[PDB]
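Note sheet for the following structure.
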Amino acid sequence: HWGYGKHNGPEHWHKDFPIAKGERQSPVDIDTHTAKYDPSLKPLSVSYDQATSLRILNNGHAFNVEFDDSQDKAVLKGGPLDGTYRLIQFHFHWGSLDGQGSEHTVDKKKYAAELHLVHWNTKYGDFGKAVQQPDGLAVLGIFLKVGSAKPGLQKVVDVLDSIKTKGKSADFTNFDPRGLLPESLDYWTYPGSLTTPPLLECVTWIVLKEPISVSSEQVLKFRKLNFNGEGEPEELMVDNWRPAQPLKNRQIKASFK
Ligand SMILES: CN(C)c1nnc([C@H](N)S(N)(=O)=O)s1
Ligand SMILES: [Zn+2]
């Protein structure tokens, strides 16, 4: 089935998922000179004080940190969004080398990695109904560059040893996602899609301008994960990013001047 290799990677996905060649696919290159400041955008509200993390899982493609989304505990509102979007999970995309790994690019620059905080619109009642709607999801994207360590990431780094292979999970309670955010909430926004199969066109993307810094030792621990299952020959989990897709009939808006 699908993956990131030569025989099952992004250039093959359209045969099972024809929407791969659709009109609102993600990620995209963000041309900073072309993006325009939008005064109609409302301030942006990240409310993560009552977040309840539960578990961390290796799915064969990336790892997910999952949250209790049975009540409004950790929500995203404001900015381009109408209504309330509940945090369900976060994950990353990363490279084999420090000069590649992000999905979005900025003036064609690739970062070492990209964090995705995935949220669903509570007017649709559950995540599976939300992904069938054009405004069903909001994904907050944050770039990672290599330099100083991120103290708030270290708890994630230290549990990766326990989920090395596809299908493994571990308890991950009391993790505070506020420790993964940069100082500034300045952002770019556009309508797009999931970046993995089934590639559904259901996402409002909100991509922060300020990257977070992580250390070379933190990213090296991501690159020790495996795509394969336990007992199978080793295929390092690296380069699990989709490249930039055609912008087509879309405008990227900026929250800042
Ligand atoms: C469960 N669903 C559909 C998804 N889980 N992670 C997904 C992606 N990896 S992204 N990048 O958020 O579209 S898509
Ligand atoms: Zn993602």
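The residue numbers of chain A are those assigned by Swiss-Prot, with the residues present covering 4-260 sequentially.
Backbone N, Cα and C define each Cβ position, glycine as well.
Per Swiss-Prot, the candidate among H107, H119 that belongs to the Zn(2+) site alongside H94, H96 is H119.
Between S43, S50, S165, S219, the residue that has phosphoserine written against it in Swiss-Prot is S165.
In Swiss-Prot, the feature phosphoserine is attached to one residue out of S105, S172, namely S172. By the rule that a residue counts when its Cβ sits under 6 Å from some atom of ligand 2, the recorded positions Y7, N67, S172 yield nothing.
A gap of 9 Å separates the Cα atoms of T199 (substrate binding site) and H64 (active site, proton donor/acceptor). Here the Cβ of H96 (Zn(2+) binding site) has 26 other Cβ atoms within 10 Å, regardless of which shown protein chain they belong to. When Cβ neighbours within 10 Å are tallied across all protein chains shown, the highest count among the recorded positions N62, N67, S165, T198, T199 belongs to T198. On the backbone, the CA of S172 (phosphoserine) and the CA of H64 (active site, proton donor/acceptor) stand 14 Å apart. Spacing of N67 (site 'Fine-tunes the proton-transfer properties of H-64') relative to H94 (Zn(2+) binding site) is 5 Å (Cα to Cα, whole number).
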